[PDB]
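Below: the structure, in C-alpha cells.
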Amino acid sequence: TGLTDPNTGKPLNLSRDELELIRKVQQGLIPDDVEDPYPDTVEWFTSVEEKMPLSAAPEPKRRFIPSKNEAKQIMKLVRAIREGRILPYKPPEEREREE
Amino acid sequence: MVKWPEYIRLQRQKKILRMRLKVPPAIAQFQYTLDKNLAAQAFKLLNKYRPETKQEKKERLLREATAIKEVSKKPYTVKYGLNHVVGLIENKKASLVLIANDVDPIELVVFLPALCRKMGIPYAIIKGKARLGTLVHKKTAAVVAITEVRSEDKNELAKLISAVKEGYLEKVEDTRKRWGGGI
Amino acid sequence: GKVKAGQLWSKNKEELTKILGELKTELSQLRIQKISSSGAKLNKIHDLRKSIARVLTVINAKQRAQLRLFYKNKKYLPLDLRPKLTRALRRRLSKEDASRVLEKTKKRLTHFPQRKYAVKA
Amino acid sequence: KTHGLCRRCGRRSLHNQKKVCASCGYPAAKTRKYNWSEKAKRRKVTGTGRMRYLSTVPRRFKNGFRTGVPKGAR
Amino acid sequence: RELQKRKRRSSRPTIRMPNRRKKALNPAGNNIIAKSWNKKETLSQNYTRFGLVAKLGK
Amino acid sequence: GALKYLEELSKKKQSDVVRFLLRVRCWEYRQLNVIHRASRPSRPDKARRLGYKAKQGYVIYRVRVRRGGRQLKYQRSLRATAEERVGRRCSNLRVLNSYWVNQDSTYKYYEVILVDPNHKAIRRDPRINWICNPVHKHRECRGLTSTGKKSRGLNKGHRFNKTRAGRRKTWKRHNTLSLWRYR
Amino acid sequence: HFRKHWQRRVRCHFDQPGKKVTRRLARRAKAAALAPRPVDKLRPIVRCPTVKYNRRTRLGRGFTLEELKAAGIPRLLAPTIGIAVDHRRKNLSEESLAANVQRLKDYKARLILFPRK
RNA sequence: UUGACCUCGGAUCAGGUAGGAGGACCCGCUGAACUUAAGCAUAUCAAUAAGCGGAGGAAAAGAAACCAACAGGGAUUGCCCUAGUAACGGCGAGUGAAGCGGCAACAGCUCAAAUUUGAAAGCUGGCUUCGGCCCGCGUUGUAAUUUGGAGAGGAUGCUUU
Ligand SMILES: [Zn+2]
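Chains as they are written, first to last, in the deposited numbering: chain CC, 218 to 316; chain LG, 52 to 121, 128 to 240; chain Lh, 5 to 125; chain Lj, 14 to 87; chain CR, 3 to 60; chain LN, 2 to 71, 91 to 203; chain LL, 13 to 129.
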C-alpha cells in the first residue's frame, strides 16, 4: 500500500513494521474528524514588525568603557611579575631564539 | 534472523518518526536548511570574527601586564549563548542570526525563527550545532549571532545579509506555515 | 630472656631482623625440649614470647614511620595509614568548606558587623 | 532433622529444606527482629556479646579523637 | 540494660566523662567586664554593680 | 531570556508543538528502562527553577510510574514513588526535587534532580553544601521534598491545624495528660 | 475523658526546678558571651489586636522601617546594635509611629557605643 | 580516507559512596480486632498496637498565597489559659480545636525569573621542584549583581574595609 508523499516527493517504500509504528502514534495524535485538524499558521503577531527594542532599561556604562574584570586580572599578573612567580611576556621573535 | 541492539534500532525509528509524522509548522520549518554555498560564505565572514581561545587570551593578558611593569577599541567577536543571543535579538542589537537545526530539546529554538521575524533580524537555520560550536570554541552551540563587524568588512556582512533574505528567507516564506510529513 | 625496648629503638633494620630470627629459633627449640620438665623453661617461654612482641613492635613502627615519610608530599595516603576517627566523622564537611561563605555574605559582615555596646541604667 | 546449624546466629534454627533461619533469617541481609517479642530483642541486642570494637569508641571520644604521640616520647 | 550488666562484670575501666559545657558561664579576658565580674553573684547582681541594663523587656 | 519563552510553552501543553513533542518522547521513553539516566533535562527551564545547575555533581534521572488506583487510594503520590525508586537506585546521591515530564495511558513520567554530596564541587558551594549534612539523608523517604510537604499538609492557616507542625506530633501533644507539681 | 490509653501518655514535671536552673544558666552563659551588651534585643510598643484587648499594650517583634528612619537609626545598623526590626508590620496611624520613635530616641540616649577596632 | 558532535555500552582503570546494627525520643507509609453504647452493625477503640521505609543529638517545623476586623498584629516551636468553648455528632455512646492573652526562646536568608558580552570573569581532576602547568566540565549557562514591605542603572557626596 505505497502512498505518495504529500509534499510532492516519491512513492515511498517502508516495511510493514515501519508502517504500523506510524499508525500507532498517529492514533494517539489526532484531534478529530470533520474539522481541519492541521491548518496553516496565520502570522497574526509576526506580521507586524517591532521597530524599537523591547527593554527600555538604560545601558550600563560598562558597555562603553574598557573591562573592569580584565583590569583586575591584569593587576594580579603584575603582582606575580613583581614577586617573580610568573615570567614576563616573551615575543615570538624571542621564541624563535628559543627551543 | 539477526538481532539489532536496542539503542541502534531506536535511533533509526526516531528518525523515521520525526520525518513522517504530521509535524507542526514550527518543527517542520527546521527541516529546511540553507544551501552549501550560503553556509560556506557565512563561515567565511564568521571565522574572521572567531572569539579568542583560552591560550591566546592569557597571552594577551600577559602582554598588557608586562607593559605595565615596563589604546584599543571595542573587540568585535561572534556572539553566542542562547540566553545572551535572545536578549540581543530582543534589543535589536543583532544583525544576522544562525540557528542550529539539531537542538535535541527543540523547545529551546522553536520560537527563535519567529522572534527574529517579529523584530526584523535576518535568520538562517544551519546544519550543525557541532559546526557552530567549532566556530566559537565549544563542543556545541545552539545559536550564533553577529552584532557589529569591523569597518574593513561592513560590505560583505551586508552582502551576506542580503543573500539570506534572498536565498533563504524568500524560499521559506510560503512553506514555513505548512505542516510537515504526512502519509 | 627479656629484652628492654630501650635498646630496641636505637638499633637499625638489619639488626632487628637478625635478633628477631634469633628469638624465634630459640623459641622453637625450647618447646621441643619444654615438653619434658616444663619448669624454668616455661617461665623462659613467657619471657621469650614477650621479647618477640617487643621486637615485632619496633620493626612495624619503623616501617610505618618510613612510609609516612615517603607519602609526606603525595595526597593519597594508603588506607592503613589514614586516621580512623569514626565513619560519620570521616564524611563530615571539612573545616574550610563549612567555614566557606558567599561573597554577598562576607560583604555584609565586613561593613556591618556585630558591634559592642551597653545600655546605661 | 528439620533444622540445622546456622552460620550467622550459631543456633540450630536453619531449616534444611528451605535454607532460611528461623531466628535471624540468614539469606536475608537484615537480622530478623520483631517488636512483639521484647525478650527476643534483648537476647540478641548490642551488649550481649563481646563488644569488640564499640567498647573502644567511648575512650577515644573523651580525648577528642586525637591522633599523634605525646611530646618527647621514645 | 543488658549492655550495662556487661560493663559491671568486665575488667575494662569505666570512662568517666568530665563535666564539660558547650558554653562557658563566666566572661573572660582582659576587658573591663571580665576584670570586675564576680563569680558568685548573678547576672542581675553583676550588671547592677556595673550600672548596665541586662534585660530590655518588661 | 530564552527561559521565559519556555515557561509560556509548558503552560500550553495541549497545543500543537507540545502535544507532538510529548507524543514522540513518550514513545521513546517506553522502549527505555523503567529508571534511566538523562544527560540533560527535557524541560531545562523547569529543572533550573527547581534547583538544577550544570555542575559536576548534578544528575537527572527519568522514571516511569504506573498510574491508576491502588476503592483503595494510595496516599503516597506518584511523584513520591518516583523519588523513592530513584533514591534506592542511587543510594549515594541526594534527591533534591522532581517534576512532571510526560504521561501516557498506563504510565506517568517524572524527572528527578539529584546532587552528589561527595563531589567536592558540591562540597565547596555554600548554596548547595547544606545537603552534605547527614540530616538530609534520603529526604524522599521522610517526606522532606516538595511532594512530601504537600502530602503532609505543611501549610500555614486554620485549614492545616492538625498537620502544620507534624500530624503525629500534634496528636501526641493533645493526647498527653500533663500533671504539674503544685496542682 | 480516659477512653484511650492515658497511662502511656502522662507527663510529670519533676524537672521544673531543674529546668529553671538550666534556663537561668543559659541566660548567664549568654551574658558571658555578650558581656557589656544586654541579653535581649530592643522591641517596639504595639497595641493588641482584638476588641477585648484594644486598651492594653504590649511589646512587639521589631521596629518598622519608618520608625527607624524617623529616629535616625539606619536599617542595616539596627540589628547590630540591639534593635529588632520587623519588615512585615506597618504603621497605619501616627500614634503607633510617634510612640516608637520616642522609644528609639530614648534608646539612643541610654546607649554607649564602642568603635570597631 | 580523516576529524568532530550526540547517544548508548565495556574496563581487576583512578577517586568516592550505599547496604548492616541500634530505633527510648523523631519523620513518612500501611493498618486490626475485642471493648463501650448493659444486645449490635454507623461511631468508639484508633488516625492506636503489630508490619515496612528513613534520620539526628535532637528531629520535625520555620521566615505568611498567615491571624484578624482591630487604635491592629507579624517566621517556627513549647508551657499556662482559651476550654470540655466553637464544631461534628445511631444528636446515644460521645468526639473535640483554633484565634486573642501571659510567658520561654528569638535570626534571618539562598535561588529561578536579566546580556559579563569592553573579553566563563567560574569549577573537578592529574602532574607537580609546591611555584604553577595541562586535561576536562561548561554557553542547552559555571562566577559577580538582584529576590517584591524589594531591586537595577545613572548622577551626586559623605561614610566603611
Ligand atoms: Zn540464624
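From the three backbone atoms N, C-alpha and C, an ideal C-beta is built for every residue, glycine too.
The C-beta of residue 306(CC) has 16 or more other C-beta atoms within 10 Å across all chains shown, which makes the residue buried. Residue nearest to residue 37(LN) within the set 132(LN), 161(LN), 171(LN) and 184(LN) is 132(LN) (criterion: CA-CA distance).
In this structure, residue 214(LG) sits away from residue 181(LG), with a CB-CB distance that is not shorter than 8 Å. Counting only Cβ-Cβ distances below 9 Å, residue 51(LL) has contacts in chain CR at 45, 56, 57 and 58, in chain order. Taken in chain order, the members of the stretch 242-274 of chain CC whose beta-carbon sits within less than 8 Å of a beta-carbon on chain LN are 242, 245 and 246. Membership of residue 118(LN) in any alpha helix (DSSP H) is not indicated; the residue belongs instead to the beta strand (DSSP E) covering 114-123. The beta carbon of residue 25(LL) falls within 8 Å of a beta carbon belonging to chain LN, placing the residue at that interface. Chain-ordered, the residues whose CB falls short of 5 Å from any heavy atom of ligand 1 come out as 19(Lj), 21(Lj), 22(Lj), 34(Lj), 36(Lj), 37(Lj) and 39(Lj). The beta carbons of residue 55(LL) and residue 83(LL) sit about 14 Å from each other, so the pair does not count as a contact at 8 Å. Near chain LN, meaning a CB-to-CB distance below 9 Å, the residues of the stretch 134-145 of chain LG are 139, 140, 142, 143 and 144. Legend: CB atoms of the stretch 78-107 of chain Lh lying less than 7 Å from CB atoms of chain LN belong to residues 92, 97, 101, 104, 105 and 106. Under DSSP, residue 131(LN) forms a beta bridge with 63(LN) and 119(LN).
For a cut-off of 8 Å, the C-beta gap from residue 158(LG) to residue 81(LG) is around 5 Å, short enough to register as a contact. Chain LL has a Cβ within less than 8 Å of the Cβ of residue 196(LN).
Take the alpha-carbon of residue 49(LN) and the one of residue 120(LN): they are about 14 Å apart.
Within the stretch 34-75 of chain LL, the complete beta strand (DSSP E) segments of 3 residues or longer fall at 57-59 and 69-71, listed in chain order. Taking a C-beta distance under 8 Å as the contact criterion, residue 66(LN) and residue 55(LN) do not qualify as a contact pair. Classified as exposed, residue 26(CR) has fewer than 16 neighbouring CB atoms from the shown chains inside 10 Å of its CB. Per DSSP, residue 123(Lh) is one residue of the beta strand (DSSP E) stretching across 121-123. By the rule that beta-carbons nearer than 8 Å mark a contact, residue 114(LN) does not touch chain CC. One alpha carbon belongs to residue 119(LL), the other to residue 113(LL), and they sit about 10 Å apart. Residue 44(LL) and residue 28(CR) have their C-alpha atoms some 5 Å from each other. Comparing alpha carbon positions, the residue from 113(Lh), 121(Lh) and 104(Lh) closest to residue 121(LL) is 121(Lh). In this structure, the beta-carbon distance from residue 9(Lh) to residue 58(Lh) falls below 8 Å.
When secondary structure is reduced to three states using DSSP, residue 167(LN) falls in the helix class. Counting of Cβ neighbours within 10 angstroms places residue 117(Lh) among the exposed residues, the total staying below 16. Neighbours of residue 83(LL) in chain CR, taken as residues at a C-beta separation under 9 Å, are lacking, since the least C-beta distance is about 16 Å. Counting along the chain, residue 154(LG) sits inside the beta strand (DSSP E) bounded by residues 153-157. Residues of chain Lh whose Cβ lies closer than 7 Å to the Cβ of residue 122(LL) are, in chain order, 123 and 124.
Taking C-beta atoms as the reference points, residue 173(LN) and residue 184(LN) count as a pair closer than 8 Å. The beta carbons of residue 119(LG) and residue 295(CC) sit about 6 Å from each other, so the pair counts as a contact at 8 Å. With respect to chain LN, the C-beta atom of residue 16(LL) has a partner C-beta closer than 8 Å.
Nearest in C-alpha terms to residue 115(LL), of all of 100(LL), 72(LL) and 26(LL), is 72(LL).
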